[PDB]
Structures are given as structure tokens and as C-alpha cells.
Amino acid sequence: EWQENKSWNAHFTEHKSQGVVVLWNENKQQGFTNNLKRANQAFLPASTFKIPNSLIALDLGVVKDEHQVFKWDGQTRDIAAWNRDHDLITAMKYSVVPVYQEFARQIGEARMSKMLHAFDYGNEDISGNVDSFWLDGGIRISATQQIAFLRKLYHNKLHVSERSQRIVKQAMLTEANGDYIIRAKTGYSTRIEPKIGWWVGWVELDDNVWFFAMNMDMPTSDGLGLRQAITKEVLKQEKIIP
């Protein structure tokens, strides 16, 4: 069941922004959003694709464990954090595209396509460069589809090993305190209009889990922090977090 709560638009308007936030109460099995249409609108996943990419890479042995070092290829790139060695944990934390482009090439398009079908991931279309299709290729997914995918991951019900799903959920760790735990992943699609930013994941509470998926128009990189800020304002409004 899905209910539309348009009052969340205040958080977008007050931040000179436009987008969608989708929430899912696991205990009640009930979803909420401010925009039904945009919640089901299909976008490029961008770096949110690092979640399924990690799962496949781990299960195929392309990645041994979360501490296997992937050496810098020496090429200086704009993002200074990319110009260094990384493991799975830091590669996720800093959204290091080049490391995951190497994962995709070793996975290959054949295994990438077939294993993404097992996840029921978006339109299941990887047409484009095997190492950039989630950035300028044919793959598309909606916020509600992110939720469905994330719920399977949380419950270890994706068709990969439990170990791989545990490692990725560890690598998704973003914030934790005495009130909640957030496991999530940011995204930032810029190669194909409209430019947008993602934040998908869930909030773990003592007695419930709140899955979330949001995307918003991102004409400039100045507003990237609004992906998390607007989400936390919805969470606060619903008394999910203090």
C-alpha cells in the first residue's frame, strides 16, 4: 500500500530544490512518498549501482574480501580521494568510480547482464560500455525499485551468498549512534540529462527498519549535501530519528 504525503515538499521547496523521497515501514509493510509519479520515474543509478556491483564482484571472487587493496592506477583524476589505494570499504565511502570500473571489466558484460537479472534490478539493461553503463548506458531504476532491491539485501534474500550481502551491508555503513544506524549509498548522475543525485538505504532502529530512496535534480555539485539533508528532514518530521 502506498500513500502520498505532499507535506514533505516543504523540505524540497525550502532548499530551492525538487525531488522525491520514498519511505517504507518494514513492520507495517507500508510505503510513503511525496510524489507517486517521480517515485516510479526511472533514472540512471550512478554510484548507487556500486551496491549490486559489489555483490556480483564479491560472489565471483573478483573481490576477495572487504580489505583487499586495489592499487591506484597512477592517473590523476579530479576527485583527489580517488588518487590513492582503496579497499571495498573506502571505495564505497568515497564512491571511487575507477575501482568499480575495473570490477565491471573483470566481471564482463555477459555475467554482469545475467546476474543483474537475478536481482530484478530496474530495467535489467546494461547496454553501453561495460565499465560505464550505470553512468551513461541503458540501465534505469526508480526509487521504489531501489527500495524493493534494498529490502532483499537487508533480508539476505538476493541470489548471492550471505557473506557477500553481509560485506556489502558493512561497506554501506554511513552513520551510527545510540538512536539509529544508517546503511546507504549516494549517487550522482551527470553524464546524461537530467542531472540528479541519489541517496538510497535504510535506517535501523531498535524495533523497526525504515528503508528509504530519494532522488533530486542536481544542476550543480553545490547541492550534493541536500541528498542527505532533505532525507533527514523527512525522517525527523516523521519522528523516525530525533
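Each residue number is its position in the shown sequence, starting from 1.
- In this entry, 191 to 199 has the higher mean Cα B-factor, the comparison being between 191 to 199 and 176 to 184.
- Comparing 77 to 85 with 140 to 148, the higher mean C-alpha B-factor in the PDB entry belongs to 77 to 85.
- Looking at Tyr154, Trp134, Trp72, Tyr94, the one whose CA carries the top B-factor in the deposited record is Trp72.
- Highest CA B-factor among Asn27, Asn215, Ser47, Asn53, as stated in the entry: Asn27.
- The PDB entry assigns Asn123 a C-alpha temperature factor belonging to the middle third of its chain's modelled residues.
- In this PDB entry, the Cα temperature factor of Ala104 sits in the middle third of its chain's modelled residues.
- Per the PDB record, residue ranking by Cα B-factor puts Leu205 in the middle third of the chain.
- In the deposited entry, the Cα temperature factor of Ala42 sits in the top third of values across the chain's modelled residues.
- Per the PDB record, residue ranking by Cα B-factor puts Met112 in the middle third of the chain.
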